[PDB]
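Chemist: To start, I am sharing the structure in question, which I have written as structure tokens.
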DNA sequence: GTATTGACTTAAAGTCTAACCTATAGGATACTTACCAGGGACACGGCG
RNA sequence: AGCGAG
Ligand SMILES: [Mg+2]
Ligand SMILES: [Zn+2]
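Chains as they are written, first to last, in full-length UniProt numbering: chain A, 2 to 140; chain B, 289 to 436; chain C, 438 to 527; chain D, 30 to 1139; chain E, 1177 to 1226; chain F, 5 to 56.
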């Protein structure tokens, strides 16, 4: 907004809840654009329905247009009709079918995951990359 | 005591703050806005990817394939291999070449990952934030003027 | 090495701003009803263009009167007097 | 020597035994070897006719025969043969098609069981060919393959000292071609140890027992040293199978150890050619170093256990401190450490070697696809034509000649630049040192470089030492090493027999120096003759019994450095800069041969290839400004066609004009039409200018130059620059682009010159912004704003639905329009896919010298032009002749390039002419002057060869006798200084001034290409901060150092302004433009866009970054 | 223990701790380097960009 | 310059916050008890299922 | 000049029908494990 | 990749 209301800049871990709170959708298909019409594809990496329209103030089909329909979503394609520059601002999120570990907290020596769990870096690398089992509970 | 002390520089951090130690393990991977990884129709129609859509495509392909393999019902060998591949894909997305050979693209060159954008003299912190190109500027050869 | 070909070029932007300003002024020169008809014909006032019938309805006059006054407005604005203040923008 | 040449008299006191070689041989001879031409066949047969095999023949022979896993059938290649080139050289250069020739190889398929042979030519592909000028033509462009300097494969022994013990520990590194390194290192502990493929060390006895040695045998061979006995004792490995098991467990862990994969493991790793090819040079080096198979020819580059055993024995003997070893059945060799930078270990991969290696990679790929398909090949249904896929080979060749770093864009600023781009040895590239990984010991000069590589000519940027230039007389050994000629001096008697020695052979011989006086009987006229020895140390000398002598002076300098007169009076830095700056001189319109030059001018021009030379003797039948027809001595006649006003790669002019009349008889090899920078056949890079060496009013301050206006009036420093603009109408979604004079919305004034068909007419002057090619691409339906629709109705127009993408003279350019080259699909001309037309317009401008342009002499005395004075306020000699240039005296003494002053003096003498007064004999200072130099007519060209030239005493003498200009008046006293009159004040300067004639060149750093400015323009894609570069409309980088300087000044507001609204903030940018244009205050700056880009990048790294308000 | 803490903050914590029960945390001066002293700053945005 | 484009386009149209089309926020509920508002325009049937 | 009606033609839909893309399935001899730097600092495994 | 200034 304004560089006077910029008192602090905090950095911290982003939990899965934060990641899916930033997101305006979920990229579910590994597609970018149409080969022939060269337009953003549905649910793809460049999806217009998630990150906004490629052209200022239009839905994907063309039903709603112009500033007069600002803040609306076409019911056919689902694109919100607003400025295209929001495509530089809105994020998505992929819902992993299985959990993964952030590499920065595993490989970066000292292995912070290892120090937290007291697992040797070799052991952590074996567990995480499915080379050796590990016991998580014992009655 | 030395190993104990080093471990208390990471075990204290997750205590002093109300941060969970869970943020290390991901269930969702954020996807950067598309125009920060543009796909541009260069002159001649030849499209130019962003080198990050490839890593994201790999992640999404492997995630969807994992979903389908779990849905069908597959032996633990194949599903565990798929999970390892998904872990490697997310690793390559966040940092190429940190573990194993870097993921290479066409021409046998490493794929510019999501962390290479920040590190180095050609990274973002040093090539586009502290130093920038400016308008209203020119350059020319200098010649002595003693009458000035 | 690739130029964003869809960035505010910062010269056409000021050109458009001054174009709107001078167009508004030259419109204010002509009679008020004339200004209104041309405005609501091209949707300058709020970005919504309409045809003869709508303007006839809103002013409670048959379509044909709006058409006629529109023709007179175009003829007036085309006069060399109010064209040199609007050329170099097309 | 050359039939028709300018008579340049020389101050040379030494006769040259060897004529300068075929300076371009480095490229053409290597390529002829690769092809296997009859010329190379004869040259090799003269010197080793045992096994003349070309590069392609070698590749085919190594590849063939091939068989499948079962060996039921095999394929072979033979008889490579080239067809005639597809198109002539000029046409290939014109229409953008590669200058290549078809390659045919006879295949042969033998079904080993059934017993059928099937042979047929296979058309391996369009092999690019080398033009007679030693250069390739690829995609119309002119390219040069620069030789590469690489570490020669072989065995290298090193010794170091360990801090923790302070003991001399040695090491060896058998370095193969595409093998696995075996470094038999010796540690501080007294135990030798192997390190196979860089894997966790081993005791050597383990490998020996892996080779099947018994401990009794091991002590029988490596028994003399205590280190070996210690290793056997502490090894603990008992048994051959134990050693093999341990070796396999260490080399390839994770797989179940066996006996089969323990033995064949090592056998395949080292002693099978599949994976450990040493190459011919590598095996020859190993044999010579260890003295194993000196007599026998070379074949089967793969190793033998004997080689490894001998390497271990040599390392151990070296550690003990022995001097020589005699391997059983091998000649004894001296035990000593190797130097990696010695030119007995740095070999040249010439153009032939690089192209052959790429052919080899492509053939390996083709071989692999052949083998893979052979399984799925129906027996008896297959022929070599349908079994061979040439695509990998042609793909490898094409990807080499383009985008390979050793296939460089030909550097043609002038003939010298092209000639020196050839004969260039770069120590970096594929399989070579990289600038970052290259240490500081490879960049230095080694004693072995003398005569094989120039110590002076070298880039001065971050490439010093990695790129050098081959010396004048240097030659390349068939094995890739660089040889240099020497005169065999026998029994103290110098001879003429010129032996070409490589660095190794030179070290073993006590080689003398070129300028050693000879008594005219072939014998040295003095004891104490200067000499060099093996260690590179120049020191005192054993009189008599010196085995070799330098062929001539200047043997150590390259072609570019051989054209600097008075080189010996210049420091290495200034000589280096002069050499690197001769190659930047632009071709002037006229070109004048220097008054003071060398013997290399004529040969350099001839061998550069940009000067036309008659092929055979004959009488010029008809000469015109575009061609020369010559009638040969026997009936036939030949027409040489000049290349008029052609554009070089770097934008300069390539004009050729004849220098022969319509009746002259011309002999074979005679120059008949000078090139761009040539005058009467000899190279001419600049102009001779009357120079004063005084300081003048602070305008020639700090290496700045002030030139008379005569140089702009008479047009002596002026260069034609031709610039090509390309535009291609393509096929787009909305339709196709048209090239016509119907550009939308643009008036009938800026559509004036454009022809009936679009593209501008020839000879039409165009200034920056004018239209060259009128192109119109479709727009597709869009949304005209209400304001613009109203305006169109008021002014009665239509959208036209087609945008303009016309080609325009880019900003800051101008000039006429030489010619238009139009390629079109409709006329069936090869064009890329999806383009209908491609038009190129050539725009020529005659640049005149102006302040900001860079000038230089040949002695590193560079400088930009600060001012161009009128001729009237120019110092003029007492005669009235104004001086043309004024250099500063403050730059001579400290830069240590006094040679320029010498040149100046000599130049003046050459300009005036002289007569030594030999009334009573010859003056003592002129006794050793060559005859006929005692008298020179005015304006007499002279030469001072590099390291034998005009001694200072001879120059003093010639300066004393300087026969008068027109009346009896010597304008330059014996001191060389003239009394000058002030142009402005009018009074004479109180003291004489050093005046003469300096030959100065106009470097290609013209201010017209350097000026740039910007107020607003394109902005980069992902970030703002506008594009950089004069080519775009580029903003000047404001880096971190500049920002620190601003912070130190305390100027916070200017820094914020710069980094926010001038660069990145996309909302405050148009706002500041509005404020400036409307007279309002510049607005408050916002958040730079790059910071939000950073925030999104951090968040996408799963880092929750949030900007807390407070 | 082994933590490198700024002297000003060290004194501030000592002042905060003398009251409400005094447990003086003894410390010893250290000479860092320019790189270590820079990367130990309290601002991650400058250390990261360094 | 290579002069690329992101496709799409720009549209300078004076931003208005005063006279705006009427909207009817429609609430949807996913399986995991998560509500989600969606500002659809009144002149269109509110769909019965939304990919939230 | 400004108030109208009665025709008189026209582009934009709005829609039905046809072809040309698109998501998807299948294919039965037998084939079963791929492919040259240094210089400093910190951390992990062996050995004493 | 070559190249310029320090
Ligand atoms: Mg300088
Ligand atoms: Zn829509």
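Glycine included, each C-beta is placed from N, C-alpha and C at the ideal position.
Any C-beta of chain C sitting closer than 9 Å to the C-beta of residue 68 (chain A)?
Modeler: yes
Chemist: Please decide whether residue 483 (chain C) counts as near chain A, where near means a Cβ-Cβ distance under 9 Å.
Modeler: Cβ-Cβ to chain A under 9 Å: yes for residue 483 (chain C).
Chemist: Where are the beta strand (DSSP E) runs, 3 residues long or more, that stay fully inside the stretch 943-982 of chain D, in chain order?
Modeler: none
Chemist: Chain F partners of residue 1056 (chain D), CB-CB under 8 Å?
Modeler: 5
Chemist: Which whole runs of the alpha helix (DSSP H) in the stretch 321-405 of chain D are 4 residues long or more, in chain order?
Modeler: 334-349, 380-404
Chemist: With three or more C-beta pairs closer than 8 Å as the rule, is the stretch 218-225 of chain D touching the stretch 244-264 of chain D?
Modeler: Yes: the two stretches touch, three or more of their Cβ pairs being nearer than 8 Å.
Chemist: Should residue 356 (chain B) be listed as close to ligand 2, given that the test is whether its C-beta is under 8 Å from any heavy atom?
Modeler: Checking the Cβ of residue 356 (chain B) against ligand 2 gives no.
Chemist: Pairs of beta-carbons, one from the stretch 167-177 of chain D and one from the stretch 324-335 of chain D, closer than 8 Å: are there three or more?
Modeler: no
Chemist: Ligand 2: which residues have Cβ under 7 Å from any of its heavy atoms, chain order?
Modeler: A:60, A:61, A:62, A:63, A:64, A:65, A:75, A:77, A:78, A:80
Chemist: For the stretch 767-796 of chain D, list every residue whose C-beta sits within 8 Å of some C-beta in chain B, in sequence order.
Modeler: none
Chemist: Given 8 Å as the limit, is there contact between the stretch 890-898 of chain D and the stretch 716-736 of chain D, that is, 3 or more CB pairs closer than that?
Modeler: yes
Chemist: Using a C-beta cutoff of 9 Å, does residue 328 (chain B) count as contacting chain C?
Modeler: yes
Chemist: Specify the secondary structure class of residue 747 (chain D) as computed by DSSP and reduced to three states.
Modeler: strand
Chemist: Step through the CB atoms of chain E and report whether any lies within less than 9 Å of the CB of residue 291 (chain B).
Modeler: no
Chemist: Please report the distance separating the alpha-carbon of residue 130 (chain D) from that of residue 53 (chain D).
Modeler: Cα to Cα, the separation comes out at about 22 Å.
Chemist: Apart from the five residues just before and just after residue 570 (chain D), which ones in its own chain have a Cβ nearer than 7 Å to its Cβ?
Modeler: 557, 558, 559, 560
Chemist: In the DSSP assignment, find the alpha helix (DSSP H) that holds residue 234 (chain D) and state where it starts and stops.
Modeler: From DSSP, the alpha helix (DSSP H) with residue 234 (chain D) extends over 233-239.
Chemist: In whole angstroms, give me the CA-to-CA distance for residue 11 (chain F) and residue 353 (chain B).
Modeler: Whole-angstrom Cα-Cα distance: 31 Å.
Chemist: For residue 991 (chain D), count the other beta carbons within 10 Å of its own beta carbon; 16 or more makes it buried, fewer makes it exposed. Which is it?
Modeler: buried
Chemist: Taking 9 Å as the threshold (beta carbon to beta carbon), is residue 193 (chain A) in contact with chain F?
Modeler: With chain A running from 2 to 140 in the structure shown, residue 193 (chain A) is simply not present.
Chemist: Ends of the alpha helix (DSSP H) at residue 1223 (chain E)?
Modeler: 1220-1225
Chemist: Drop a sphere of 10 angstroms on the beta-carbon of residue 1070 (chain D), count the other beta-carbons inside from all chains shown, and report buried for 16 or more, exposed for fewer.
Modeler: exposed
Chemist: Closest Cβ-Cβ distance between residue 1225 (chain E) and chain B: below 9 Å?
Modeler: Residue-level contact check: residue 1225 (chain E) touches chain B, since one or more beta carbons of chain B fall below 9 Å from its beta carbon.
Chemist: Using CA coordinates, which residue listed in A:50, A:93, A:63, A:10 is at the minimum distance from residue 1133 (chain D)?
Modeler: Looking at the Cα atoms, A:10 is the closest of the given residues.
Chemist: Would you mind telling me which residues of chain F sit closer than 7 Å to residue 1047 (chain D), beta carbon to beta carbon, in chain order?
Modeler: 5
Chemist: I'd like to check one pair, residue 706 (chain D) with residue 443 (chain D): are the Cβ atoms closer than 9 Å?
Modeler: yes
Chemist: Could you round the C-beta distance between residue 1043 (chain D) and residue 1063 (chain D) to whole angstroms and report it? I think they count as a contact, below 8 Å.
Modeler: Your pair residue 1043 (chain D) and residue 1063 (chain D) checks out as a contact, with CB atoms roughly 6 Å apart and the cut at 8 Å.
Chemist: Whole angstroms are fine: how far does the CA of residue 379 (chain D) sit from the CA of residue 104 (chain D)?
Modeler: 30 Å
Chemist: Give the residues of chain B in contact with residue 439 (chain C), contact being defined as C-beta atoms less than 8 Å apart.
Modeler: Going along chain B in sequence order, the residues near residue 439 (chain C) (Cβ under 8 Å) are 328, 330, 336.
Chemist: Would you mind sorting residue 136 (chain A) into buried or exposed? The rule is 16 or more other CB atoms within 10 Å of its CB.
Modeler: exposed
Chemist: Do three or more CB pairs link the stretch 443-456 of chain D to the stretch 612-627 of chain D at distances below 8 Å?
Modeler: These segments touch.
Chemist: Checking 9 Å against the spacing of the C-beta atoms, do residue 801 (chain D) and residue 838 (chain D) come in under that value?
Modeler: yes
Chemist: Quickly, what does DSSP pair residue 407 (chain D) with across the bridge? List them, please.
Modeler: None, per the DSSP bridge assignment.
Chemist: Check whether chain B comes within 9 Å of residue 88 (chain A), counting only Cβ atoms and requiring the distance to be less than that.
Modeler: yes
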